[PDB]
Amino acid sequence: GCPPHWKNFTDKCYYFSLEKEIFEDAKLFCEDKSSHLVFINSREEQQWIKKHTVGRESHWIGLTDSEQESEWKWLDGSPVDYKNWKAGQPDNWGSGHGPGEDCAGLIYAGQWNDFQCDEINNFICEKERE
């Protein structure tokens, strides 16, 4: 029920990018597809996503704390509920010389980590099946 290149999970469609881009460019790419950087709302969605992203590349998800440091929300303004940060993260590395890390992404085993938004990562788009 999803366009080619997209994977289905329940009634949603996901795109696991081959493209590598900084956060804002990733956000823009999904918007051009009438989708948004993935919002992970449950352990089941997290697990399904995990199996489609094993590999060395990291994947941007639609979560940031740019508006207010430590206040993580999805792009649609929804406050983070379900969470899967790796222990010790988010650490806002480098805050002493800049804005730190305000963009979230999936790393090993699917855990979340905060990156500087100018880091080049793969990404995941999400949208409704039509």
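Numbers follow the displayed sequence, beginning with 1.
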Higher mean Cα B-factor in the deposited model: 44 to 52 or 25 to 33?
25 to 33
For the C-alpha atoms alone, is the average B factor greater in 104 to 112 or in 8 to 16, going by the entry?
8 to 16
Taking the chain's C-alpha temperature factors as the reference, tell me which third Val80 falls into: lowest, middle or highest.
highest
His97 CA temperature factor, ranked by third within the chain
highest
